[PDB]
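File shown: target.txt (compact mmCIF, C-alpha atoms and all ligand atoms).
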```
# COMPACT_ATOMS: atom_id res chain seq x y z
CA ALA A 152 106.29 46.52 109.50
CA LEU A 153 109.67 47.73 110.83
CA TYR A 154 111.08 46.56 114.18
CA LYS A 155 113.91 47.98 116.34
CA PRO A 156 115.27 47.00 119.79
CA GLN A 157 114.85 49.46 122.69
CA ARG A 158 114.43 47.86 126.18
CA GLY A 159 115.67 44.45 125.00
CA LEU A 160 112.09 44.12 123.67
CA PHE A 161 111.60 45.12 120.00
CA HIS A 162 109.02 47.82 119.16
CA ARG A 163 107.39 48.69 115.82
CA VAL A 164 108.72 51.66 113.82
CA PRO A 165 106.72 53.76 111.32
CA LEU A 166 107.46 53.24 107.58
CA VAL A 167 106.66 55.63 104.68
CA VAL A 168 107.10 55.13 100.91
CA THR A 169 108.28 58.17 98.89
CA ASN A 170 106.13 59.00 95.84
CA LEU A 171 105.45 61.83 93.32
CA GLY A 172 102.26 62.74 95.30
CA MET A 173 104.37 64.23 98.14
CA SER A 174 103.66 67.96 97.51
CA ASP A 175 104.26 68.25 93.72
CA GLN A 176 101.61 71.03 94.11
CA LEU A 177 101.03 72.02 90.44
CA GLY A 178 100.24 75.78 90.34
CA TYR A 179 100.28 77.50 86.90
CA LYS A 180 98.65 80.94 87.49
CA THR A 181 96.00 81.75 84.80
CA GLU A 182 94.06 85.04 84.30
CA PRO A 183 96.50 87.88 83.44
CA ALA A 184 97.83 90.05 86.31
CA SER A 185 97.40 93.03 83.88
CA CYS A 186 98.53 96.46 85.23
CA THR A 187 97.88 99.95 83.70
CA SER A 188 101.47 100.79 84.88
CA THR A 189 103.69 102.29 82.11
CA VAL A 190 106.84 101.86 84.28
CA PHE A 191 106.08 98.22 85.24
CA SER A 192 105.31 97.30 81.58
CA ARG A 193 108.48 99.14 80.39
CA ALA A 194 110.73 97.32 82.94
CA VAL A 195 109.24 93.79 82.41
CA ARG A 196 109.50 94.37 78.62
CA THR A 197 113.13 95.65 78.73
CA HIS A 198 114.27 92.63 80.84
CA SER A 199 112.00 90.04 79.06
CA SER A 200 114.62 89.40 76.29
CA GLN A 201 117.08 88.36 79.08
CA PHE A 202 115.57 84.83 79.46
CA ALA B 8 97.78 107.73 132.91
CA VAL B 9 97.36 108.06 129.07
CA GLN B 10 93.91 109.44 128.08
CA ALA B 11 93.76 109.33 124.23
CA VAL B 12 95.56 108.59 120.93
CA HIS B 13 95.51 110.65 117.70
CA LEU B 14 96.89 108.90 114.57
CA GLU B 15 97.82 110.86 111.42
CA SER B 16 96.02 109.23 108.42
CA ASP B 17 99.47 109.62 106.75
CA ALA B 18 100.60 106.55 108.82
CA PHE B 19 97.11 104.92 108.99
CA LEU B 20 97.44 104.35 105.21
CA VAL B 21 100.82 102.57 105.65
CA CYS B 22 99.31 100.43 108.48
CA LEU B 23 96.21 99.50 106.39
CA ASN B 24 98.25 98.72 103.19
CA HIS B 25 100.57 96.54 105.35
CA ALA B 26 97.49 94.74 106.80
CA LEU B 27 96.01 94.21 103.27
CA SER B 28 99.41 92.86 102.01
CA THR B 29 98.59 89.27 103.13
CA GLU B 30 95.64 87.38 104.67
CA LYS B 31 97.50 84.06 105.31
CA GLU B 32 99.58 85.42 108.27
CA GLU B 33 99.65 88.20 110.91
CA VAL B 34 102.03 91.15 110.30
CA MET B 35 103.36 93.78 112.71
CA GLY B 36 105.06 97.18 112.99
CA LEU B 37 105.91 100.08 115.33
CA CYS B 38 104.35 103.54 115.77
CA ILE B 39 106.41 106.74 116.29
CA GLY B 40 105.00 109.92 117.87
CA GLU B 41 104.99 112.36 120.79
CA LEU B 42 103.32 113.02 124.17
CA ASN B 43 100.88 115.99 124.39
CA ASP B 44 98.82 117.55 127.23
CA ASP B 45 95.42 119.32 127.49
CA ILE B 46 93.03 120.43 130.32
CA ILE B 69 94.07 114.90 129.46
CA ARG B 70 97.23 113.11 128.20
CA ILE B 71 97.32 112.25 124.47
CA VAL B 72 99.73 110.42 122.13
CA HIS B 73 100.15 111.95 118.63
CA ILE B 74 101.35 109.23 116.20
CA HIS B 75 103.01 110.76 113.10
CA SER B 76 104.74 107.82 111.34
CA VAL B 77 105.25 104.02 111.56
CA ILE B 78 108.07 101.54 110.86
CA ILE B 79 107.21 98.26 109.07
CA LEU B 80 108.76 95.09 110.57
CA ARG B 81 109.43 91.53 109.36
CA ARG B 82 108.14 88.86 111.79
CA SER B 83 110.60 85.98 112.48
CA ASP B 84 108.58 83.72 114.88
CA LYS B 85 105.44 83.70 112.63
CA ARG B 86 102.77 81.10 113.72
CA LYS B 87 99.25 82.13 114.90
CA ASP B 88 98.87 84.70 117.73
CA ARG B 89 102.65 84.65 118.53
CA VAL B 90 103.53 88.32 117.86
CA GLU B 91 106.47 89.76 119.87
CA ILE B 92 109.10 92.48 119.21
CA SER B 93 112.83 91.84 119.82
CA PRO B 94 114.79 94.46 121.82
CA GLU B 95 116.88 94.53 118.56
CA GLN B 96 113.85 96.00 116.71
CA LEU B 97 113.32 98.31 119.77
CA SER B 98 116.93 99.59 119.31
CA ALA B 99 116.24 100.06 115.55
CA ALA B 100 112.98 101.95 116.42
CA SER B 101 114.80 104.25 118.95
CA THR B 102 117.47 104.92 116.25
CA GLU B 103 114.67 105.81 113.74
CA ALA B 104 113.07 108.02 116.48
CA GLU B 105 116.36 109.95 117.02
CA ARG B 106 116.89 110.24 113.21
CA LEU B 107 113.34 111.63 112.65
CA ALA B 108 113.58 113.94 115.73
CA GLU B 109 116.81 115.51 114.32
CA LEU B 110 115.56 115.54 110.66
CA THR B 111 112.14 117.12 111.54
CA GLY B 112 113.21 118.90 114.79
CA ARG B 113 110.20 117.20 116.50
CA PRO B 114 110.51 115.37 119.88
CA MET B 115 109.66 111.96 118.35
CA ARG B 116 109.83 108.74 120.41
CA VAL B 117 108.64 105.16 119.76
CA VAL B 118 105.11 105.29 121.27
CA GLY B 119 103.30 102.12 120.12
CA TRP B 120 102.94 98.92 118.10
CA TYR B 121 100.36 97.43 115.70
CA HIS B 122 99.56 94.01 114.22
CA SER B 123 96.94 92.48 111.89
CA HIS B 124 94.14 89.95 112.65
CA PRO B 125 93.00 88.55 109.26
CA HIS B 126 89.84 86.36 109.39
CA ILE B 127 90.11 86.96 113.19
CA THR B 128 88.09 89.13 115.63
CA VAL B 129 89.43 92.70 116.00
CA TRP B 130 89.71 92.29 119.81
CA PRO B 131 93.06 91.43 121.43
CA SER B 132 93.74 87.84 122.61
CA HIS B 133 95.01 87.06 126.16
CA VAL B 134 98.46 86.72 124.47
CA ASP B 135 98.07 90.18 122.83
CA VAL B 136 97.18 91.66 126.27
CA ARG B 137 100.08 89.85 128.05
CA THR B 138 102.46 91.21 125.35
CA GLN B 139 100.99 94.73 125.81
CA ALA B 140 101.69 94.34 129.59
CA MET B 141 105.27 93.12 128.86
CA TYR B 142 105.77 96.31 126.74
CA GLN B 143 104.14 98.55 129.43
CA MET B 144 106.72 97.17 131.93
CA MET B 145 109.22 98.96 129.60
CA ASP B 146 107.15 102.20 129.59
CA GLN B 147 103.58 102.90 130.85
CA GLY B 148 103.19 105.30 127.84
CA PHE B 149 103.13 102.40 125.33
CA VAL B 150 99.82 101.64 123.53
CA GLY B 151 98.80 98.82 121.15
CA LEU B 152 96.86 98.87 117.85
CA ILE B 153 95.03 96.04 116.04
CA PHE B 154 93.67 95.92 112.46
CA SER B 155 90.99 93.29 111.62
CA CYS B 156 91.49 92.53 107.88
CA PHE B 157 89.57 90.39 105.31
CA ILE B 158 86.34 89.33 107.11
CA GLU B 159 84.14 87.11 104.89
CA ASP B 160 80.33 86.79 105.12
CA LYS B 161 78.71 85.27 101.96
CA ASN B 162 75.26 85.66 103.66
CA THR B 163 75.45 89.50 103.59
CA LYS B 164 78.07 89.53 100.71
CA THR B 165 79.65 92.45 102.65
CA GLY B 166 83.31 93.07 103.51
CA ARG B 167 84.64 94.64 106.71
CA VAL B 168 87.90 96.15 107.98
CA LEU B 169 88.20 97.32 111.60
CA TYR B 170 90.79 98.80 113.98
CA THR B 171 91.13 99.38 117.72
CA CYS B 172 93.60 100.73 120.30
CA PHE B 173 94.20 99.29 123.78
CA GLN B 174 96.37 99.02 126.89
CA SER B 175 96.45 96.57 129.85
CA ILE B 176 95.79 96.87 133.62
CA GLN B 177 96.05 94.51 136.63
CA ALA B 178 92.76 92.51 137.00
CA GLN B 179 90.04 93.40 139.59
CA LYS B 180 91.65 90.91 142.05
CA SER B 181 95.44 90.30 142.42
CA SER B 182 95.57 87.83 139.44
CA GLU B 183 97.06 88.83 136.01
CA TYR B 184 96.66 91.61 133.40
CA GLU B 185 93.36 92.32 131.57
CA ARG B 186 92.49 94.51 128.52
CA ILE B 187 91.42 98.20 128.61
CA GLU B 188 90.23 100.37 125.67
CA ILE B 189 91.84 103.71 124.67
CA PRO B 190 89.99 106.36 122.60
CA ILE B 191 91.62 106.65 119.13
CA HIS B 192 90.96 109.31 116.45
CA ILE B 193 92.34 109.79 112.91
CA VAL B 194 93.85 113.23 112.11
CA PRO B 195 93.39 114.29 108.45
CA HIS B 196 96.95 114.77 107.02
CA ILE B 197 95.84 116.31 103.68
CA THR B 198 99.02 115.09 101.85
CA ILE B 199 101.50 112.19 102.12
CA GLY B 200 104.69 112.87 104.14
CA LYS B 201 108.14 111.87 102.77
CA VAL B 202 108.74 109.67 105.89
CA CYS B 203 105.55 107.66 105.15
CA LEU B 204 106.34 107.20 101.41
CA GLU B 205 109.93 106.09 102.30
CA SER B 206 108.31 103.66 104.85
CA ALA B 207 105.58 102.35 102.45
CA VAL B 208 108.11 101.58 99.65
CA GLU B 209 109.93 99.32 102.22
CA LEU B 210 107.29 96.54 101.82
CA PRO B 211 108.53 94.99 98.50
CA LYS B 212 112.17 95.43 99.68
CA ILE B 213 111.40 93.62 103.00
CA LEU B 214 109.50 90.78 101.21
CA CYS B 215 112.42 90.34 98.74
CA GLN B 216 114.87 90.33 101.73
CA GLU B 217 112.71 87.66 103.50
CA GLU B 218 112.77 85.41 100.37
CA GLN B 219 116.54 86.04 99.97
CA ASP B 220 117.28 85.15 103.65
CA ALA B 221 115.16 81.94 103.36
CA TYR B 222 117.06 81.06 100.14
CA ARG B 223 120.47 81.82 101.79
CA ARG B 224 119.54 79.49 104.72
CA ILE B 225 118.66 76.88 102.02
CA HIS B 226 122.04 77.42 100.23
CA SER B 227 123.88 77.25 103.64
CA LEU B 228 123.39 73.42 103.66
CA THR B 229 126.29 72.80 101.21
CA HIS B 230 125.66 69.00 101.54
CA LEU B 231 122.77 69.18 99.01
CA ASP B 232 121.65 67.70 95.65
CA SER B 233 121.98 69.77 92.42
CA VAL B 234 118.48 68.82 91.10
CA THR B 235 117.13 69.99 94.51
CA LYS B 236 118.97 73.33 93.96
CA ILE B 237 117.31 73.64 90.50
CA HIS B 238 113.90 72.92 92.14
CA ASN B 239 114.59 75.57 94.85
CA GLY B 240 115.70 78.08 92.15
CA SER B 241 112.42 77.49 90.27
CA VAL B 242 110.52 77.99 93.57
CA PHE B 243 112.46 81.24 94.29
CA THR B 244 111.74 82.57 90.75
CA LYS B 245 107.98 81.83 91.04
CA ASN B 246 107.90 83.39 94.57
CA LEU B 247 109.49 86.69 93.36
CA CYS B 248 107.20 86.63 90.26
CA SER B 249 104.20 86.39 92.68
CA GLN B 250 105.69 89.24 94.81
CA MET B 251 106.00 91.48 91.70
CA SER B 252 102.52 90.50 90.34
CA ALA B 253 100.75 91.13 93.71
CA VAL B 254 102.81 93.91 95.43
CA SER B 255 105.43 95.90 93.44
CA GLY B 256 103.25 96.18 90.27
CA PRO B 257 100.06 97.45 91.98
CA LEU B 258 102.15 99.73 94.29
CA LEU B 259 103.89 101.33 91.24
CA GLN B 260 100.52 101.60 89.39
CA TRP B 261 98.99 103.37 92.44
CA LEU B 262 101.94 105.82 92.58
CA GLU B 263 101.53 106.60 88.82
CA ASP B 264 97.75 107.17 89.29
CA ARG B 265 98.49 109.38 92.34
CA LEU B 266 101.00 111.42 90.25
CA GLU B 267 98.19 111.96 87.66
CA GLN B 268 95.76 112.97 90.50
CA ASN B 269 98.44 115.34 91.95
CA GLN B 270 99.12 116.95 88.52
CA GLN B 271 95.35 117.56 87.99
CA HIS B 272 94.94 118.88 91.58
CA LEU B 273 97.99 121.19 91.21
CA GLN B 274 96.52 122.56 87.91
CA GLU B 275 93.09 123.19 89.55
CA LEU B 276 94.66 124.79 92.69
CA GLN B 277 96.94 127.02 90.51
CA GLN B 278 93.82 128.13 88.56
CA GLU B 279 92.02 128.87 91.89
CA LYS B 280 95.10 130.75 93.28
CA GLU B 281 95.22 132.92 90.09
CA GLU B 282 91.42 133.54 90.35
CA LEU B 283 91.67 134.63 94.04
CA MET B 284 94.83 136.74 93.32
CA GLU B 285 92.94 138.57 90.49
CA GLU B 286 89.84 139.02 92.74
CA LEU B 287 91.85 140.54 95.65
CA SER B 288 94.74 142.43 93.91
CA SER B 289 92.71 145.06 91.93
CA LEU B 290 90.82 146.22 95.13
CA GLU B 291 94.02 148.26 95.98
CA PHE C 203 124.15 76.21 86.78
CA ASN C 204 127.14 78.60 86.21
CA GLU C 205 130.48 78.27 88.14
CA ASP C 206 131.13 78.38 91.93
CA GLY C 207 127.48 77.48 92.79
CA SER C 208 124.77 80.18 92.27
CA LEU C 209 122.07 79.90 89.55
CA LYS C 210 121.55 82.07 86.42
CA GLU C 211 117.78 82.44 87.12
CA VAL C 212 118.50 83.58 90.73
CA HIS C 213 120.71 86.51 89.57
CA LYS C 214 118.57 87.38 86.49
CA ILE C 215 115.40 87.64 88.65
CA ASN C 216 117.22 89.45 91.52
CA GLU C 217 118.55 92.07 89.02
CA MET C 218 115.04 92.41 87.46
CA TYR C 219 113.61 92.99 90.99
CA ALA C 220 116.41 95.54 91.73
CA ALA C 221 115.54 97.39 88.45
CA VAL C 222 111.82 97.52 89.44
CA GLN C 223 112.87 98.62 92.98
CA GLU C 224 114.94 101.54 91.54
CA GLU C 225 111.97 102.50 89.29
CA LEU C 226 109.79 102.58 92.45
CA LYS C 227 112.47 104.62 94.32
CA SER C 228 112.57 107.24 91.47
CA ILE C 229 108.73 107.44 91.26
CA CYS C 230 108.58 107.71 95.10
CA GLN C 231 111.06 110.66 95.09
CA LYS C 232 109.15 112.53 92.33
CA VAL C 233 105.67 111.88 93.88
CA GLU C 234 107.04 113.13 97.26
CA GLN C 235 108.19 116.34 95.46
CA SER C 236 104.67 116.69 93.91
CA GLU C 237 103.15 116.31 97.43
CA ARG C 238 105.48 119.09 98.77
CA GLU C 239 104.40 121.41 95.89
CA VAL C 240 100.71 120.60 96.66
CA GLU C 241 101.27 121.45 100.38
CA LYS C 242 102.87 124.84 99.46
CA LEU C 243 100.10 125.81 96.97
CA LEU C 244 97.32 124.68 99.37
CA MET C 245 98.75 126.73 102.30
CA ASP C 246 98.89 129.81 99.97
CA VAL C 247 95.25 129.31 98.80
CA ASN C 248 93.94 128.79 102.39
CA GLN C 249 95.80 131.88 103.74
CA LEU C 250 94.35 134.01 100.86
CA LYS C 251 90.83 132.65 101.63
CA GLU C 252 91.34 133.58 105.34
CA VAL C 253 92.34 137.16 104.29
ZN ZN A 301 96.99 89.76 118.21
```
Before we go any further, please render this structure as structure tokens.
Amino acid sequence: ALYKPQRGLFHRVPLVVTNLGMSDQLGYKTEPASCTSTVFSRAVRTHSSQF
Amino acid sequence: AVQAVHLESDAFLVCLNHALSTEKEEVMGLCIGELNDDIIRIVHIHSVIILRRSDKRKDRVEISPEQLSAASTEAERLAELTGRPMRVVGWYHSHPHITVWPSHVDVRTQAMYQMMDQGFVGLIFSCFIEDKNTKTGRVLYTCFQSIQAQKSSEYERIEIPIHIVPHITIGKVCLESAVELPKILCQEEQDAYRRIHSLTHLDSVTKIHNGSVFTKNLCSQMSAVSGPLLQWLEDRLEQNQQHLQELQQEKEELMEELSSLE
Amino acid sequence: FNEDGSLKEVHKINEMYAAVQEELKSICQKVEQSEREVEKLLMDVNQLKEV
């Protein structure tokens, strides 16, 4: 436990331990977001090579 | 004073597509129109302006006088462009997974807007309603105003008759308003990211993490919004081409039927 | 990470989004024109039916 002075008396203070569990929140979207859009496909495909 | 509201489906589509954009939060916008008389006072709503909500949280939907200035500017612009006497006449917001009726906060906000002008009316869209028992979906809408309670307490709700006017085709104003959704979402992400980058006293690995988050967020925006919107516009262009061909055929048929009689 | 802050992914993705936005703007303009043509033709057909 943590202690700190306040009114001359010492009161407890909350303590937390940082860990990987704190909102890593793995996503990875599966199932294709397929669109019958010619323009969308053309644009994504043109700018795919970029990265 | 006001007796009824007519809404052009042209703008109803923008309102509904804005309501179906997200279920996780409530969204809002403004309604532009005119005053009309019969016998009966009616409000004709022609177009709407989509807004980005800053306060967020549940049930806390309010409009800044800044957005009211923007809406009056849009009203003047549309009145001069169309030559119609268009003023900002109302507001709308979405209630996903929530009853279509207005909350006490919705009614108090409607009263706060009526203090500006008694001609102001409110709209509500009830979105994604789930019911695995019936396996049926629902989407609802309502219009309302506020009035002082039966005794000298505080404002209470009152219902306004609302009808939808068939606007056979989509107006340029409403297309230019509907294509604002992806732009406004991208601007929201960009402003959040700029507020993140404002804290110069920051780790580099944290900046890489935030960059990854930003990339995935805009990828989600494109996968869920821009892509389907563009696909719908392509499909509508195909529908319009087919409809134009059929109507041209019908015009030629009627021209041939009527022209030879003289 | 590039020079003077910024990130390469940020600008790549922003430019990709701007390209898709311009595609949507162009398609919006042309679909609006198609809607105007439909309005004209429909008014003609309905007036001829009235006659
Ligand atoms: Zn509400």
Compute the set of chain B residues within 9 Å of chain C, using all atoms listed in the file, and express it as a PyMOL selection string.
chain B and resi 197-201+204-205+208+211-212+215+226+233+236-237+240-241+243-244+247-248+251+255-256+258-259+262-263+265-266+269-270+272-273+276-277+279-280+283-284+287
Looking at only C-alpha atoms, which of A:199, A:187, A:178, A:194 is the one that sits closest to chain B?
A:187
Within-12 Å residues of ligand ZN 301 (chain A), basis all atoms listed in the file, as a count of residues only
40
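Between CA of residue 24 in chain B and CA of residue 156 in chain B the separation is 10.3 Å.
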Quick one: which chain A residues come within 12 Å of chain C, and what is the nearest atom pair for each with the distance in Å to one decimal, counting only C-alpha atoms, rows ordered by chain and ascending number, as a Markdown table?
```
| residue | atom | partner | partner_atom | distance |
| --- | --- | --- | --- | --- |
| A:188 | CA | C:226 | CA | 11.4 |
| A:189 | CA | C:225 | CA | 11.0 |
| A:190 | CA | C:225 | CA | 7.2 |
| A:191 | CA | C:222 | CA | 7.1 |
| A:192 | CA | C:222 | CA | 10.2 |
| A:193 | CA | C:222 | CA | 9.8 |
| A:194 | CA | C:222 | CA | 6.6 |
| A:195 | CA | C:218 | CA | 7.8 |
| A:196 | CA | C:218 | CA | 10.6 |
| A:197 | CA | C:218 | CA | 9.5 |
| A:198 | CA | C:218 | CA | 6.7 |
| A:199 | CA | C:218 | CA | 9.2 |
| A:200 | CA | C:214 | CA | 11.1 |
| A:201 | CA | C:214 | CA | 7.6 |
| A:202 | CA | C:214 | CA | 8.1 |
```
Write out, as a compact mmCIF listing (two decimals), in the coordinates of the input, the residues just selected, with C-alpha atoms.
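Result went into out-v2.txt, see below:
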```txt
# COMPACT_ATOMS: atom_id res chain seq x y z
CA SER A 188 101.47 100.79 84.88
CA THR A 189 103.69 102.29 82.11
CA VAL A 190 106.84 101.86 84.28
CA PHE A 191 106.08 98.22 85.24
CA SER A 192 105.31 97.30 81.58
CA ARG A 193 108.48 99.14 80.39
CA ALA A 194 110.73 97.32 82.94
CA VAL A 195 109.24 93.79 82.41
CA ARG A 196 109.50 94.37 78.62
CA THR A 197 113.13 95.65 78.73
CA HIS A 198 114.27 92.63 80.84
CA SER A 199 112.00 90.04 79.06
CA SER A 200 114.62 89.40 76.29
CA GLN A 201 117.08 88.36 79.08
CA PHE A 202 115.57 84.83 79.46
```
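Pairwise distance (CA of residue 192 in chain B, CA of residue 148 in chain B) equals 17.2 Å.
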As an exercise, work out the distance from CA of residue 10 in chain B to CA of residue 69 in chain B in Å and give it to one decimal place.
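Taking CA of residue 10 in chain B and CA of residue 69 in chain B, their separation equals 5.6 Å.
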With all atoms listed in the file as the basis for distance, which of B:160, B:267, B:286, B:218 is at the shortest distance from chain A?
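Checking each of B:160, B:267, B:286, B:218 against chain A, counting all atoms listed in the file, the winner is B:267.
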In the coordinate frame of the file, compute which residues have an atom within 12 Å of (96.6, 83.8, 88.9) when using all atoms listed in the file, and state them as a ChimeraX atom specification.
/A:178-185 /B:245,248-249,252-253
Would you list the contacts of residue 217 in chain B as a ChimeraX atom specification, taking every protein, DNA or RNA residue within 10 Å and counting all atoms listed in the file, but skipping same-chain residues closer than 4 positions in sequence?
/B:81-83,211-213,221-223
